[PDB]
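The chain below stands alone and is given in structure tokens; this is the form solved without the DNA.
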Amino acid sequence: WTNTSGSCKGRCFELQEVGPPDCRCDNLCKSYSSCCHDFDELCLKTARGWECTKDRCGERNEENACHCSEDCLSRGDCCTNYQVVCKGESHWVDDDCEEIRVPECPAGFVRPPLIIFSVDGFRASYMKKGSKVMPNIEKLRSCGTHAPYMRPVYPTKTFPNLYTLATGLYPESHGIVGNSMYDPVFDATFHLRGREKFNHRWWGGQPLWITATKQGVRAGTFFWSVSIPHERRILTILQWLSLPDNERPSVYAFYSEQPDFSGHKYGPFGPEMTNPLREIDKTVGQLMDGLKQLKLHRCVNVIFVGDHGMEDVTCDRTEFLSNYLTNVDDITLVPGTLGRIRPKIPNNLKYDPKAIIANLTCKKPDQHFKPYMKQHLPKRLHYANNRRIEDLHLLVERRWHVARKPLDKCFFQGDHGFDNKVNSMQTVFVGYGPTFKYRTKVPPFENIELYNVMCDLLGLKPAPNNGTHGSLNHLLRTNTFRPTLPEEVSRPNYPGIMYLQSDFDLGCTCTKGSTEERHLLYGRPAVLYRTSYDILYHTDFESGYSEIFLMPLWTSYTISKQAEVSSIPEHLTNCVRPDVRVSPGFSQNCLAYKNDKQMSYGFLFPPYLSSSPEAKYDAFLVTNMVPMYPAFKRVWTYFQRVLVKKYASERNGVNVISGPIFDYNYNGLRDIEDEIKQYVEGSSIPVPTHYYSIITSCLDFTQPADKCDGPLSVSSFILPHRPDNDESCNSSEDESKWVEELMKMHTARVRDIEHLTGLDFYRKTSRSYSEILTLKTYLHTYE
């Protein structure tokens, strides 16, 4: 029970959230039906609007939404344009950009406050409109630090992305995996409407306001109800900034439901989009004018950030499951720009997922969605390790929708939620203030990295998250994080020739300085876990061979622009040779591959790229072979025989690092021995879930990859090791029509491979460690 007979006089939007029986006056009191009786009258006043006019200058009526009185500067409740209209001051946007070398804060401000100004559905390309439509935002962008775009997380929806911005976590870790979700342990559904979202049980990880409070830094509200106009949200933030030193927060958030609302109705390029964009710019202007009025415009760090973009999507572009499935009444579909399927009744014995996927696979030539069991989704989405993510997922093609049946002019022209590499899904990032760099453009980056930066801007230690601390140090003038190189746990063994050909009963038949200088360009990768492994040198490649997995953890080799591709001679087709540096007890065997009728093998260093016939014999060593399904070999052989040479010709040589990945529990992390669920028949040779490659070259392509003096250029992938090519609808055609498209879909960051393998790359370069961390977060999108 709450005593609603109390008053909100002198308490409007207070930060101390009182509990029952005291009535509330904070911004969230309406959601819990606990506001005091006069909260709407005293705190949500709108009389005379939000702007001072000439006739209003010089007195005071408490009924006014904001004031134009001489005492309003002391009270901290002027309308944001008061100084401009009444005291001959200029608007912030009309003032020239002046570098902020150090924080210029009034007395009592120990650190520069942070204001996060978040905009829903603000597509990156909206920034190209410029100062014609958005001058305040253009001033922040050109004067501060900006990226051409920021990558959101998948699904590219509001709730997963705002919570990722707050925690630095992937949605699978923070638990907000969609705007709608069913949790089978709670036996409950979370939805935008409804009370379920208010229960803390859904919200995992540690959001910024909690990180701040636990470390003694105060926070303003990060949740604004729709019954509070934007002008009042700005005035409330300004009011809080005027509080006494022991009460004033250091971190604030502003949220706008626009341009997302108008984007859904009119499309991202509808002429109707101009007005909501100008209204967001005027809100930014009100904030900067109010900060200038407070002498805080050269003190506060401001982040202008979006959650996701917006794409043209209409009713006319909808695929229906009833066209592929006999029974859509027995399944529940979370629909739209993604699909998540589960039986209507949990654990229904008649649910046949194998038969459902089969019916949704390559059934139409222009099929505008692709089904996946969640562990088969591209690893860069990081969208599998949560009980709220249904096993069956549909990746929807951009501009399309998926629905259960036709019943479910269009009422909408825009939507979002698609794969986070889609261009229309990219959003904005601008940092402005004393701690951000001046007039600096930075490369595009992922929104999971912002939590570390916001913690840096506030002097906070971030809770464990998925950002790479130090990868965004180039955005900041000061408060950079001093990253520390991860300690190598296992030191390599360097075995010499110790065995004879006669020591092996495997059922098989058939210049270290120069190797390191040519094929290991950035030093040996560090093994960050306890294991036994051997460095093996060869003329054409170097490898880190695992005694536990019986295969390389990594294989490193350089292919120059003028390297020649050769064929495997007919007499060497089935050649596998024992390695006299590795014990028969620590080797794979050919008998297990012959016994396993579904599993064949491939090589990490390709025999096709040997530098000479004599050197080609090393490519056939048992220590260079890895288990591969014949369907996968079509992909791997095309990559090794055609694509590597193509990349070497285009990038002026390439350094390739390839190897296996074991991620049976789809958690994005290296499996321990116990978690590996498949082995080559009758053996202890584990079967990889994926195969990776990291392809590095010189950013200045006029210098060969093996003689590069400056920054590096990287592209990587994590290919699913699957027994069929069902993901590629055109895989009956020659590999030149489908393999590269499959690889582009499975593009990856080097950081994604490090998590999945327990290895640490680029340990020996002439580049700063912060630059290397940025290179490790790079994702080549092919957009």
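The numbering used is simple: start at 1 and walk along the sequence shown. Between two forms, the rigid core is defined as the largest C-alpha subset superposing within 1.5 Å.
Chemist: Do the Cα atoms of 219 to 227 or of 201 to 209 sit farther, on average, from the shown structure in 9 other deposited structures of this protein when the rigid core is superposed?
Modeler: Between 219 to 227 and 201 to 209, the one lying farther away in 9 other deposited structures of this protein is 219 to 227.
Chemist: After a rigid core fit, does 48 to 56 or 30 to 38 show more C-alpha displacement in 9 other deposited structures of this protein?
Modeler: Looking at 48 to 56 versus 30 to 38 in 9 other deposited structures of this protein, the farther one turns out to be 30 to 38.
Chemist: In a third or more of the other entries compared, is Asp408 missing its coordinates?
Modeler: It is, since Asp408 is left out of at least a third of the other entries that model both flanking stretches.
Chemist: Indicate whether the chain is continuous between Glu41 and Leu42 or, if not, how many deposited residues are absent from the coordinates: none, 1 to 3, 4 to 9, or 10 or more.
Modeler: According to the record, the chain runs unbroken from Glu41 to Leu42.
Chemist: How many missing residues of the deposited sequence lie between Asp408 and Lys409 in the entry, grouped as none, 1 to 3, 4 to 9, or 10 or more?
Modeler: The entry leaves 4 to 9 residues without coordinates here.
Chemist: Per the PDB record, is the mean Cα temperature factor higher over 701 to 709 or over 562 to 570?
Modeler: Comparing 562 to 570 with 701 to 709, the higher mean C-alpha B-factor belongs to 562 to 570.
Chemist: For the higher mean C-alpha B factor in the entry, choose 326 to 334 or 109 to 117.
Modeler: Averaging CA B-factors over each stretch, the winner is 326 to 334.
Chemist: Tell me which of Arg722, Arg48, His755, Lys744 tops the list for C-alpha B factor in the record.
Modeler: Spelled out: the listed residue with the top C-alpha B-factor is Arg48.
Chemist: Just the C-alpha B-factor column, please: which of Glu446, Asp663, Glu138, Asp505 has the biggest number?
Modeler: Highest C-alpha B-factor among the listed residues goes to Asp505.
Chemist: Among all modelled residues of this chain, ranked by Cα B factor, put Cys575 in the bottom, middle or top third, i.e. lowest, middle or highest.
Modeler: For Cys575, whose C-alpha B-factor we compare with every modelled residue in the chain, the answer is the highest third.
Chemist: If you rank every modelled residue in this chain by C-alpha B factor, which third holds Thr774: lowest, middle or highest?
Modeler: Tercile = lowest for this residue's CA B-factor.
Chemist: Going by the entry, which third of its chain does the Cα temperature factor of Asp96 land in?
Modeler: Ranked within chain, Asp96 CA B lands in the highest tercile.
Chemist: Comparing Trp203 with the other modelled residues of its chain, is its CA B-factor in the lowest, middle or highest third?
Modeler: Ranked within chain, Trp203 CA B lands in the lowest tercile.
Chemist: When the deposited Cα B-factors of this chain's modelled residues are ordered and cut into thirds, is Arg751 in the lowest, the middle or the highest one?
Modeler: Answer is lowest: the recorded C-alpha B-factor places it there.
Just so it is clear, the following notes concern the form deposited with the DNA bound, a form of the same protein that is not shown.
Chemist: Taking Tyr529, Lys633 and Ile676 together, does each of them reach the DNA in the deposited bound form with some heavy atom inside 4.5 Å?
Modeler: Not one of the three qualifies.
Chemist: Pick from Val489, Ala615, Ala403, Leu699: which has a non-hydrogen atom within 4.5 Å of the DNA in the deposited bound form?
Modeler: Result of the distance check: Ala403.
Chemist: So which of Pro365, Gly194, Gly130, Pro271 gets a non-hydrogen atom within 4.5 Å of the DNA in the deposited bound form?
Modeler: Only one listed residue qualifies here, and that residue is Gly194.
Chemist: Please identify, from 258 to 266, 423 to 431, 540 to 548, 72 to 80, the stretch that has a heavy atom within 4.5 Å of the DNA in the deposited bound form.
Modeler: Of the stretches listed, the one contacting the partner is 258 to 266.
Chemist: Can you work out whether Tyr438 and the DNA are in contact in the deposited bound form, taking contact to mean some heavy atom pair no more than 4.5 Å apart?
Modeler: No, no contact at 4.5 Å.
Chemist: Tell me, yes or no, whether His200 is in contact with the DNA in the deposited bound form, where a contact means a heavy atom of each within 4.5 Å.
Modeler: Because no heavy atom of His200 falls inside 4.5 Å of the DNA in the deposited bound form, the answer is no.
Chemist: May I ask you to check whether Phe586 falls inside a 4.5 Å heavy atom distance of the DNA in the deposited bound form?
Modeler: Outside the cut-off, so no.
Chemist: Considering only heavy atoms, tell me if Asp307 and the DNA come within 4.5 Å of each other in the deposited bound form.
Modeler: Close contact is absent here: in the deposited bound form, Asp307 is far from the DNA, nothing within 4.5 Å, heavy atoms only.
Chemist: Just give me the residues of 356 to 379, first to last, that have a heavy atom within 4.5 Å of the DNA in the deposited bound form.
Modeler: If the 4.5 Å heavy-atom criterion is applied to the DNA in the deposited bound form, 356 to 379 yields nothing.
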